[PDB]
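Visitor:
In the entry's author numbering, the protein residues as written are -1 to 72.
#1: Looking at residue 14: is its Cβ nearer than 9 Å to the Cβ of residue 54?
#2: Alpha carbons only, please: which of 49, 56, 43, 59 is nearest the one belonging to residue 6?
#3: With H, G and I counted as helix, E and B as strand and the rest as coil, what does DSSP make of residue 24?
#4: Give the straight-line distance between the Cα atoms of residue 16 and residue 8, rounded to the nearest whole angstrom.
#5: Residues in the same chain with beta-carbon distance under 7 Å from residue 61, minus the five sequence neighbours each way, listed in chain order, please.
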């Protein structure tokens, strides 16, 4: 399946991201590289005051449609 989420940076700039509940955190970073040109190794993703773990799925973190991830430049 698919859902739309958001990713927000310290600029305030908030981008849509098209994901799937089964996606791993690494896969989400890969999508961010495709959209924004930020390599995975240069990214952290934060939700609910946690840094999301690379091998966990979006479904594990209970990420819903229209949820906002916070992107951090590594």
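No residue lacks a Cβ here, since even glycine has one placed at the ideal position from N, Cα and C.
Guide: Looking at the coordinates:
#1: Result no, Cβ atoms of residue 14 and residue 54 do not sit closer than 9 Å.
#2: Residue 43 is the option with its Cα nearest to residue 6.
#3: Helix, per DSSP.
#4: When rounded, the distance between both Cα atoms is 20 Å.
#5: Closer than 7 Å at the Cβ level, and outside the excluded window around residue 61, lie 3, 45.
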